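Visitor: enclosed are the sequence and the experimentally obtained structure.
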2 protein chains.
Amino acid sequence: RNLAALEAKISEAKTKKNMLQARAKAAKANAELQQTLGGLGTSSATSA
Amino acid sequence: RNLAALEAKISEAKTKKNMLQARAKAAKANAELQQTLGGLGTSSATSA
């Protein structure tokens, strides 16, 4: 029974962290996309 | 939507500057023509 319970802990603990890490990485990737769209620098040509 | 908007900015920003630059270059070219017509130097023969 300890092994059966231990297996459940390992499986859920492993998978939940991975997906959390994946989505967290996805989150920053989306945020970077929004930041870059605002960070477009072609407006600097006004000096020219 | 950010990409679609960003594309519009790039296209208009690029083309408007180019035409502005072209006409600006054209403007000075026309002005030079008028200046040169007044700057004709054949009148210096009066000394001869």
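Guide: Alright, I've got the coordinates. Residues are numbered from 1 along each chain as shown, chains lettered A, B, ... in the order given.
Visitor: burial of whatever residue of chain A ends up closest to chain B, as a residue count?
Guide: Closest approach between chain A and chain B, counting by Cβ to the nearest Cβ: residue A:37, at 4.1 Å. Quick note: C-beta positions are derived from backbone N, CA and C, even for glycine. For residue A:37, the tally of surrounding residues (other Cβ atoms under 10 Å in any protein chain shown) stands at 14.
Visitor: for it, give me its contacts.
Guide: Going by Cβ atoms under 8 Å, 6 or more residues apart in numbering or on different chains, residue A:37 touches B:2-3, B:5-6.
Visitor: which ones among the residues you listed also lie next to chain A?
Guide: Contacts with chain A within the contacts of residue A:37, counted by Cβ under 8 Å from any Cβ of the partner chain: B:2-3, B:5-6.
Visitor: ok, these vs residue B:44, which is closest?
Guide: When these are compared for distance to residue B:44 (Cβ to Cβ), residue B:6 wins out at 59.5 Å.
Visitor: ok, and the most crowded of the ones next to chain A among the contacts of residue A:37?
Guide: Neighbour counts for the ones next to chain A among the contacts of residue A:37 (other Cβ under 10 Å) peak at residue B:6, which has 15 neighbours.
Visitor: wouldn't that residue be in contact with residue A:39 here?
Guide: No - applying Cβ atoms under 8 Å as the test, residue B:6 and residue A:39 come out as separate, 10.7 Å apart.
Visitor: stretch A:39-48 and chain B in contact?
Guide: Yes - using Cβ under 8 Å from any Cβ, a contact is recorded between stretch A:39-48 and chain B, made by A:40, A:42-43, A:45, A:48.
Visitor: any idea how far residue B:19 is from the most far-flung residue of chain A relative to its centre?
Guide: Largest separation from the mean C-alpha position in chain A: residue A:48, at 39.3 Å (Cα atoms, centre = their mean). Distance, residue A:48 to residue B:19, by Cβ to Cβ, to the nearest Å: 13 Å.
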